[PDB]
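Trainee: Sharing a structure here in structure tokens format.
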Amino acid sequence: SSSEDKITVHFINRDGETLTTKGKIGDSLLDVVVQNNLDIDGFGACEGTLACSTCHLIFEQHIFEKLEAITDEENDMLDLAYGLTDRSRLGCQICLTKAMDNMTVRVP
Ligand code: FES
């Protein structure tokens with residue numbers, strides 16, 4: 001008698017594993033991971049304020065193209081990203097969307 005929302009998010013460890021964490025259209029990257037005890041030692045640190053450059057993640061196909069755009073500043077911080085794929089960018093921002101229902105990501 002109020003409301004309820006929660007999506008599913010998957011994170012492929014840099015080792016090749018796969019973590020499962022449910023977000024919630026409106027949440028905020030990092031928080032979810034941090035909420036999962038961040039099982040990806042290396043993820044963002046600065047909270048996503050652009051002062052760590054230890055973030056950057058890979059988005060699932062058809063997902064990255066859905067994700068919102070980014071500025072030039074963040075674009076720079078998205079450079080540090082390793083093996084910048086065709087769907088890799090700096091995360092720890094924006095909020096989950098219905099287009100993220102079971103969104104899979106990878107940790108390069
Ligand atoms: S969390 Fe430090 S820039 Fe993304």
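Ordered as shown in the structure tokens, chains take letters A, B, and onward, while each chain numbers its residues from 1 and ligands are numbered from 1 in the order shown.
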Around ligand 1, at most 9 Å away and counting only C-alpha atoms and all ligand atoms, which residues are there? Put them as a list in words, please.
Mentor: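 Here is the list of contacting residues: residues 29, 30, 43, 44, 45, 46, 47, 48, 49, 50, 51, 52, 53, 54, 55, 56, 74, 77, 78, 90, 91, 92 and 93 of chain A.
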Trainee: Which polymer residues have any atom within 9 Å of an atom of residue 84 in chain A, counting only C-alpha atoms, with same-chain residues fewer than 4 positions away left out, as a PyMOL selection string?
Mentor: chain A and resi 56+58+78-80+88-89+108
Trainee: Give me every alpha helix (DSSP H) residue in chain A, going by DSSP on the backbone, as a ChimeraX atom specification.
Mentor: /A:31-35,72-77
Trainee: Determine the nearest neighbour of residue 38 in chain A from the options A:11, A:82, A:64, A:59, counting only C-alpha atoms.
Mentor: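 So, comparing all the options, the nearest one is A:11.
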Trainee: Check the smallest atom-to-atom distance from each of A:105, A:73, A:41, A:100 to residue 8 in chain A using only C-alpha atoms, then report the winner.
Mentor: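 Ranked by minimum distance to residue 8 in chain A, first place goes to A:100.
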Trainee: Counting only C-alpha atoms, figure out which residue out of A:6, A:87, A:61, A:35 gets nearest to residue 23 in chain A.
Mentor: A:6
Trainee: Which residue, A:81, A:25, A:34, A:63, has the smallest gap to residue 103 in chain A when you use only C-alpha atoms?
Mentor: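 Distance minimum relative to residue 103 in chain A lands on A:63.
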Trainee: For residue 102 in chain A, list every protein, DNA or RNA residue within 8 Å, evaluated using only C-alpha atoms, and leave out those in the same chain fewer than 4 positions away; present the list as a ChimeraX atom specification.
Mentor: /A:7-10,22
Trainee: Save the residues we just selected, C-alpha atoms, as an mmCIF file, in the first residue's frame?
Mentor:
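The result, stored in again-v2.cif:
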data_model
loop_
_atom_site.group_PDB
_atom_site.id
_atom_site.type_symbol
_atom_site.label_atom_id
_atom_site.label_comp_id
_atom_site.auth_asym_id
_atom_site.auth_seq_id
_atom_site.Cartn_x
_atom_site.Cartn_y
_atom_site.Cartn_z
ATOM 1 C CA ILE A 7 15.752 -4.469 -10.807
ATOM 2 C CA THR A 8 18.540 -6.990 -11.247
ATOM 3 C CA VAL A 9 22.165 -6.154 -11.948
ATOM 4 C CA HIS A 10 25.019 -8.502 -12.763
ATOM 5 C CA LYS A 22 19.405 -6.077 -7.486
#
Trainee: Would you list, as a list in words, the residues of range 9-108 of chain A that end up in strand (DSSP E or B) under DSSP run on this structure's backbone?
Mentor: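 Filtering range 9-108 of chain A down to strand (DSSP E or B) leaves residues 9, 10, 11, 12, 19, 20, 21, 57, 58, 59, 88, 89, 103, 104, 105 and 106 of chain A.
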Trainee: What does the file look like for those residues with N, CA and C atoms, as a short mmCIF file (atom, residue, chain, number, x, y, z; two decimals), in the first residue's frame?
Mentor:
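Written output follows (part.cif):
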data_model
loop_
_atom_site.label_atom_id
_atom_site.label_comp_id
_atom_site.auth_asym_id
_atom_site.auth_seq_id
_atom_site.Cartn_x
_atom_site.Cartn_y
_atom_site.Cartn_z
N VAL A 9 20.91 -6.58 -11.34
CA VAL A 9 22.16 -6.15 -11.95
C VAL A 9 23.22 -7.24 -11.75
N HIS A 10 23.98 -7.49 -12.81
CA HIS A 10 25.02 -8.50 -12.76
C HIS A 10 26.38 -7.85 -13.02
N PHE A 11 27.37 -8.31 -12.27
CA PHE A 11 28.72 -7.78 -12.40
C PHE A 11 29.73 -8.91 -12.60
N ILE A 12 30.39 -8.88 -13.75
CA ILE A 12 31.38 -9.89 -14.08
C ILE A 12 32.74 -9.46 -13.50
N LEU A 19 28.75 -11.56 -10.45
CA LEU A 19 28.04 -11.20 -9.24
C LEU A 19 26.61 -10.78 -9.60
N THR A 20 25.70 -11.04 -8.67
CA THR A 20 24.30 -10.70 -8.88
C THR A 20 23.82 -9.75 -7.78
N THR A 21 23.37 -8.58 -8.21
CA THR A 21 22.88 -7.57 -7.28
C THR A 21 21.66 -6.85 -7.87
N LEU A 57 33.31 0.79 -15.83
CA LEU A 57 32.82 -0.58 -15.93
C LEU A 57 32.27 -0.82 -17.34
N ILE A 58 32.01 -2.09 -17.62
CA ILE A 58 31.49 -2.47 -18.93
C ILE A 58 29.98 -2.72 -18.81
N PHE A 59 29.25 -2.23 -19.80
CA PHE A 59 27.81 -2.40 -19.82
C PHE A 59 27.40 -3.46 -20.85
N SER A 88 32.00 0.61 -22.95
CA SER A 88 32.59 0.87 -21.65
C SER A 88 32.63 2.37 -21.38
N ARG A 89 32.31 2.73 -20.14
CA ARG A 89 32.30 4.13 -19.74
C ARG A 89 32.39 4.24 -18.22
N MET A 103 20.59 -5.95 -15.87
CA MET A 103 21.72 -5.39 -16.59
C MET A 103 23.03 -6.04 -16.13
N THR A 104 23.77 -6.57 -17.10
CA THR A 104 25.03 -7.21 -16.81
C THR A 104 26.20 -6.26 -17.09
N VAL A 105 27.20 -6.34 -16.24
CA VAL A 105 28.38 -5.49 -16.38
C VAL A 105 29.63 -6.32 -16.11
N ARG A 106 30.77 -5.77 -16.52
CA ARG A 106 32.04 -6.45 -16.34
C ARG A 106 33.05 -5.50 -15.70
#
Trainee: To one decimal place in Å, what is the distance between CA of residue 17 in chain A and CA of residue 4 in chain A?
Mentor: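 CA of residue 17 in chain A sits 29.6 Å away from CA of residue 4 in chain A.
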Trainee: Quick one: residues within 6 Å of residue 95 in chain A, only C-alpha atoms counted, chain neighbours fewer than 3 positions away excluded, as a PDB file with N, CA, C and O atoms, in the first residue's frame?
Mentor:
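Output saved as result-v5.pdb:
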ATOM      1  N   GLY A  26      16.375   4.135  -9.920  1.00  0.00           N
ATOM      2  CA  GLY A  26      16.441   5.340  -9.111  1.00  0.00           C
ATOM      3  C   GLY A  26      17.644   5.302  -8.166  1.00  0.00           C
ATOM      4  O   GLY A  26      18.043   6.330  -7.621  1.00  0.00           O
ATOM      5  N   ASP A  27      18.189   4.105  -8.002  1.00  0.00           N
ATOM      6  CA  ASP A  27      19.338   3.919  -7.132  1.00  0.00           C
ATOM      7  C   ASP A  27      20.511   4.747  -7.661  1.00  0.00           C
ATOM      8  O   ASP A  27      20.309   5.769  -8.314  1.00  0.00           O
ATOM      9  N   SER A  28      21.711   4.274  -7.358  1.00  0.00           N
ATOM     10  CA  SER A  28      22.916   4.957  -7.795  1.00  0.00           C
ATOM     11  C   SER A  28      24.105   3.995  -7.761  1.00  0.00           C
ATOM     12  O   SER A  28      24.448   3.462  -6.707  1.00  0.00           O
TER      13      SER A  28
END
Trainee: What is the distance, in Å and to one decimal place, between CA of residue 99 in chain A and CA of residue 5 in chain A?
Mentor: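 Here the two named atoms are 13.2 Å from each other.
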Trainee: Please determine, counting only C-alpha atoms, which residue among A:68, A:1, A:96, A:101 has the shortest atom-to-atom distance to residue 32 in chain A.
Mentor: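 Closest candidate: A:96.
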Trainee: To one decimal place in Å, what is the distance between CA of residue 67 in chain A and CA of residue 13 in chain A?
Mentor: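 Those two atoms sit 20.8 Å apart.
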